[PDB]
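Protein chains in written order, with the deposited numbering: chain B, 7 to 107; chain A, 7 to 105.
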């Protein structure tokens with residue numbers, strides 16, 4: 007609930023890249039502050055994003071909700087298997103993730 | 007190479023359940039000898055399979071090829087994200103997996 011609120015806030019007040027393909031592309035280029043993955047993200051994409059994120063020291067938060075659920079959290083009617091926060095805006099998502107438990 | 011040949015042999019000469027949903031169903035009921043997962047299997051399904059497989063001591067081999075590729079290895083035109091060997095038939099898949 008807290009994380010989902012933080013994600014929506016980042017999307018509406020900051021800058022968030024939506025989609026697994028786009029997320030990987032941005033992270034590969036070293037851009038981004040935080041990666042959030044849906045619980046049903048394809049394993050290969052999951053490993054790709056974690057590999058590139060690791061290379062640029064970008065944290066990755068593994069969510070439990072589905073890609074369609076994550077899309078809805080972002081206020082979208084389409085699935086989002088992964089997203090990348092470029093700018094957290096007024097969100098506290100960065101801090102929430104830091105003590106993720 | 008060898009693994010793919012072994013998988014096709016099991017499908018053709020033995021009994022293999024195709025599909026992530028069916029695989030989980032069978033393993034959840036304690037049936038099966040070996041699970042093979044495609045490289046792009048959804049993470050949640052992957053975790054579910056490994057959880058139930060673990061409960062009935064059923065080995066799980068994580069493949070690198072995609073679901074559509076695995077389907078083709080099985081001689082099918084459709085994607086197969088996971089499969090369950092009920093009977094290896096004439097295949098040596100069990101031995102190969104032991105690695």
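For every residue, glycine included, the Cβ atom is placed at its ideal position computed from N, Cα and C.
Residue i, enclosing alpha helix (DSSP H) - first and last residue
| i | result |
| --- | --- |
| residue 61 of chain B | 49-61 |
| residue 102 of chain B | 99-104 |
| residue 74 of chain A | 73-79 |
| residue 31 of chain B | 26-34 |
| residue 44 of chain A | Neither: residue 44 of chain A is in no alpha helix (DSSP H) and is coded neither H nor E. |
| residue 13 of chain B | 8-19 |
For residue i, the first and last residue of its enclosing beta strand (DSSP E)
| i | result |
| --- | --- |
| residue 88 of chain B | 88-93 |
C-beta atoms of residue i and residue j nearer than 9 Å
| i | j | result |
| --- | --- | --- |
| residue 4 of chain B | residue 33 of chain B | With chain B represented from 7 up to 107, any question about residue 4 of chain B goes unanswered, as that position is not in the structure. |
| residue 38 of chain A | residue 91 of chain A | yes |
| residue 73 of chain B | residue 65 of chain B | no |
| residue 61 of chain B | residue 100 of chain B | no |
| residue 9 of chain B | residue 57 of chain B | no |
| residue 29 of chain A | residue 102 of chain A | no |
| residue 44 of chain A | residue 71 of chain A | yes |
| residue 49 of chain A | residue 49 of chain B | yes |
Min CB distance residue i to chain E below 9 Å
| i | result |
| --- | --- |
| residue 89 of chain A | As a matter of chain content, chain E is missing from the structure shown, whose protein chains are B and A. |
Whole-number beta carbon distance between residue j and residue i, since they are thought to touch under 8 Å
| i | j | result |
| --- | --- | --- |
| residue 78 of chain A | residue 51 of chain A | No, residue 78 of chain A and residue 51 of chain A are not in contact; Cβ-Cβ is about 20 Å, not under 8 Å. |
- Item | chain A contacts made by the region 44-66 of chain B, where a contact means CB separation under 8 Å | 45, 46, 47, 48, 49, 50, 51 and 52
- Item | Three CB pairs or more closer than 8 Å across the region 89-107 of chain B and the region 14-22 of chain A | no
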